[PDB]
Amino acid sequence: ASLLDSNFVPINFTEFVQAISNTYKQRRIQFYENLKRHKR
Amino acid sequence: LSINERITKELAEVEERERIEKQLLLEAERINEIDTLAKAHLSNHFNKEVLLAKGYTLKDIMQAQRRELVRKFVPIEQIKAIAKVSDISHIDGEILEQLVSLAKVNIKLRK
Amino acid sequence: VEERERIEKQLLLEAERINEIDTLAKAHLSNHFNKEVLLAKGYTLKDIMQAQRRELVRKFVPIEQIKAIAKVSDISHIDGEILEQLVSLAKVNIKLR
Amino acid sequence: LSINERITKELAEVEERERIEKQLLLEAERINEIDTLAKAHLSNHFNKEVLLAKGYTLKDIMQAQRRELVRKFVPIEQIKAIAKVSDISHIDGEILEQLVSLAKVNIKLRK
Amino acid sequence: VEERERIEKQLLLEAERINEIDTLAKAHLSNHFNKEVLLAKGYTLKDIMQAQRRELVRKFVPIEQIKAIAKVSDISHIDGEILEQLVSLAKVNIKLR
Numbered sequence: 187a188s189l190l191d192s193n194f195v196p197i198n199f200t201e202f203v204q205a206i207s208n209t210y211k212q213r214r215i216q217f218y219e220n221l222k223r224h225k226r
Numbered sequence: 053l054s055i056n057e058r059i060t061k062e063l064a065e066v067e068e069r070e071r072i073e074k075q076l077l078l079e080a081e082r083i084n085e086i087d088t089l090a091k092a093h094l095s096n097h098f099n100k101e102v103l104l105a106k107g108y109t110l111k112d113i114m115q116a117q118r119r120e121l122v123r124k125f126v127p128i129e130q131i132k133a134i135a136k137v138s139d140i141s142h143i144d145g146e147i148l149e150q151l152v153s154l155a156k157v158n159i160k161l162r163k
Numbered sequence: 066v067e068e069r070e071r072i073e074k075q076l077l078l079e080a081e082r083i084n085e086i087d088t089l090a091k092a093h094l095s096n097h098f099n100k101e102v103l104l105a106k107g108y109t110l111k112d113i114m115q116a117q118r119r120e121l122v123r124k125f126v127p128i129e130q131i132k133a134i135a136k137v138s139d140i141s142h143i144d145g146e147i148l149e150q151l152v153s154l155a156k157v158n159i160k161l162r
Numbered sequence: 053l054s055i056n057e058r059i060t061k062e063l064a065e066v067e068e069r070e071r072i073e074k075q076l077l078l079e080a081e082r083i084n085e086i087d088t089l090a091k092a093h094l095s096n097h098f099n100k101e102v103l104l105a106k107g108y109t110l111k112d113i114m115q116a117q118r119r120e121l122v123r124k125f126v127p128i129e130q131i132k133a134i135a136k137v138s139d140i141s142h143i144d145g146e147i148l149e150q151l152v153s154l155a156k157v158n159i160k161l162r163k
Numbered sequence: 066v067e068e069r070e071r072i073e074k075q076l077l078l079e080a081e082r083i084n085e086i087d088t089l090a091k092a093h094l095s096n097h098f099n100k101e102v103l104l105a106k107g108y109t110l111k112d113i114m115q116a117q118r119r120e121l122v123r124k125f126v127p128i129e130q131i132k133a134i135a136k137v138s139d140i141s142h143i144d145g146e147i148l149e150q151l152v153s154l155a156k157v158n159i160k161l162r
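If you read the protein sequences in the order shown, they are chains Sw, cY, cZ, ca and cX.
Residues 187 to 226 in the deposited numbering are what the first sequence lists, from first letter to last.
Residues 53 to 163 in the deposited numbering are what the second sequence lists, from first letter to last.
Residues 66 to 162 in the deposited numbering are what the third sequence lists, from first letter to last.
Residues 53 to 163 in the deposited numbering are what the fourth sequence lists, from first letter to last.
Residues 66 to 162 in the deposited numbering are what the fifth sequence lists, from first letter to last.
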């Protein structure tokens, strides 16, 4: 249910918007997973 | 045996050894692919270690993992069409290679 | 004369296969690949049938199966038992479609 | 074998292949006509799919549809006159072709 | 043809041995000794495998066992059944490690 999946084929604009929101969330999750703050 | 005969024999020998080396690389890649597929898509009970402990040849382990992957991914209709039969117990070979290629396509599209 | 009888049996078999292929292709691909216009363009009957089969594969069978099962992306030269497997997969695809 | 013999053999071979191609087209048209007649004038139980499931040859299906169409459209007197007998169980052939032509005429005039 | 069948059996055996050696060596020694870069540098497959084995011995097997069991400090020329014993001892060492 995200734009990242190539197999994903949106059917209407509403599904397309939902995929965008899911895609934004996944990037935020991935960003925090990969984030490495400076402790000094 | 003249010089041309010497040269053609030398070149043929070199090419034969090169082809054998390429075959060895292909076998190594096949074993790596089987290992990755067994780790990623099949249960731990199908690991090469436990199968070898049960006393199966390496080729038996490979065709085993392939048949299990085909059943897991490839649908029964596709098996009955490409392999012409439902049972994969006696379909090891080039048809099995086509079936595992279809299984790779299936997992790629599944992701 | 039974040899010619069996030859006629095989003739009927391939004629039925051709008719089925044509009937499904007309409703699936286009009218541009109709037997009449292809014959006018100057293609033999077997060439017409194999071209229609390749187009059927190019419509139903996805490209990944072509480059894995048939080992080549281009169906232009794969004809044979591999083409039979491809058209069988296309039949399965249109059945599930 | 001189040049004229070469040319006559080449032309005869080409003409033979052309006649075979025309025969294949004729067979395709015959199958299409049988399909249309079976769909339009005969019950669903006579469909090629169910008949083939019952295990009948394609030619058997064709002559079957033809005999049924003759009984449905062509009157019994016309059958007894043209085919010289009432039963059509053993009249498959050119006489059957004449009977189905008469049946086509009958449906055309019926509409 | 069963002679070629058994030859293929031995081919599979040595291919599996090569794959196992490569998989453990990649995670233990370095990426500099990868098969691709070694082949680019111009070493045959058997030479690559024996060099990787000698490096495995030089990593796990301590030097005293090399100069006592293998009778020479330099593994550069000890190849053979002594090298098999050395790689077995290296396997034991990595197992206990």
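Just so you know, even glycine gets a beta-carbon here, dropped at the ideal spot from N, CA and C.
Could you please give the first and the last residue of the uninterrupted alpha helix (DSSP H) stretch that includes residue i?
i, result
"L154 (chain ca)", "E146 to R162"
"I131 (chain cZ)", "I128 to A133"
"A205 (chain Sw)", "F199 to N220"
Let's test the definition: count the other Cβ atoms within 10 Å of the Cβ of residue i and tell me whether it reaches 16, buried, or not, exposed.
i, result
"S153 (chain cY)", "buried"
"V122 (chain cX)", "buried"
"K111 (chain ca)", "exposed"
"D139 (chain cZ)", "exposed"
"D87 (chain cX)", "buried"
"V102 (chain cX)", "exposed"
"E81 (chain cZ)", "buried"
"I59 (chain ca)", "exposed"
"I128 (chain cY)", "exposed"
"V66 (chain cY)", "exposed"
"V126 (chain cY)", "buried"
"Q75 (chain ca)", "exposed"
"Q216 (chain Sw)", "exposed"
"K136 (chain cZ)", "exposed"
"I113 (chain ca)", "buried"
"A92 (chain ca)", "exposed"
"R118 (chain cY)", "buried"
"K100 (chain cY)", "buried"
"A133 (chain cX)", "exposed"
"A105 (chain ca)", "exposed"
"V157 (chain cY)", "buried"
"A155 (chain cY)", "buried"
"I206 (chain Sw)", "exposed"
"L89 (chain cY)", "buried"
"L151 (chain ca)", "buried"
"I143 (chain ca)", "buried"
"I83 (chain ca)", "buried"
"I131 (chain cX)", "buried"
Every unbroken beta strand (DSSP E) inside the stretch 68 to 113 of chain cX [3 residues or more]: None, since the stretch 68 to 113 of chain cX contains no complete beta strand (DSSP E) of that length.
Members of the stretch 103 to 130 of chain ca that neighbour chain cZ once the beta carbon cut-off is set at 9 angstroms: Result list: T109, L110, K111 and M114.
Members of the stretch 54 to 75 of chain cY near chain cX, C-beta cut-off 7 angstroms: Those residues of the stretch 54 to 75 of chain cY that come within reach of chain cX (Cβ to Cβ, closer than 7 angstroms) are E73.
Where the stretch 76 to 94 of chain cY meets chain cZ: residues whose CB sits under 8 angstroms from a CB there: The residues in question: there are none.
Contact list for the stretch 128 to 161 of chain cY against chain cZ, Cβ threshold 8 angstroms: Only those residues of the stretch 128 to 161 of chain cY whose C-beta falls short of 8 angstroms from the nearest C-beta of chain cZ are listed: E129, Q130, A133, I134, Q150, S153, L154, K156, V157, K160 and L161.
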